[PDB]
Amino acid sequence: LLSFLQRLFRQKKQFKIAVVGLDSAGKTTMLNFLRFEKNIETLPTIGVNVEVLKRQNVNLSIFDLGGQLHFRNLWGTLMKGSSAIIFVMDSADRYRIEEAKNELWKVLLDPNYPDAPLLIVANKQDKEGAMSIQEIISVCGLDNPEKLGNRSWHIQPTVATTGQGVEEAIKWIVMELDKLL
């Protein structure tokens, strides 16, 4: 299971996969498949300890955007050292899609990691109200990608509750970080 995670484990460096999105998008449900164990990341400047996940040299940092607590410089503090970003959206939630779009663009336009590959996960594709990946790309202003620049990006439909598309989502991230490709 996920044999290709060895493409990260074999490299002599530390990886951090930032997994962000609004609450209830499905981030925890999606990453539960990896069975990574809890790790504590200390942020001495802020004076806060953060519960993250880690297996060997790969750290998964999951964070709800638009929650009760916001970091003023998320990408310079909790997400410092980000190698790749997974932005998870609830594709069935049209009430929150404009907020999700707005949070996605705050990540894309942040100056800390402009070259970190970013995967949009269009989650909850099993629900009757689910937006297509084409509609998500249009609503997000990604049909004509110019503001994104040279950043590698992709969109993957998923059903995190069954695991549909989850292995393919992780594969895209690992492939973008694989020095052998």
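Quick note: we count residues from 1 along the sequence shown, nothing fancier.
The PDB entry reports B-factors from which the mean C-alpha value can be compared for 67-75 and 97-105; the larger average falls on 67-75. Relative to its counterpart among 45-53 and 120-128, 45-53 has the higher mean temperature factor, C-alpha atoms as listed in the PDB entry. Remark: of 156, 144, 112, 134, 144 shows the highest value [criterion: C-alpha B-factor in the PDB entry]. Sorting the modelled residues of the chain by their CA temperature factor places residue 177 in the middle third.
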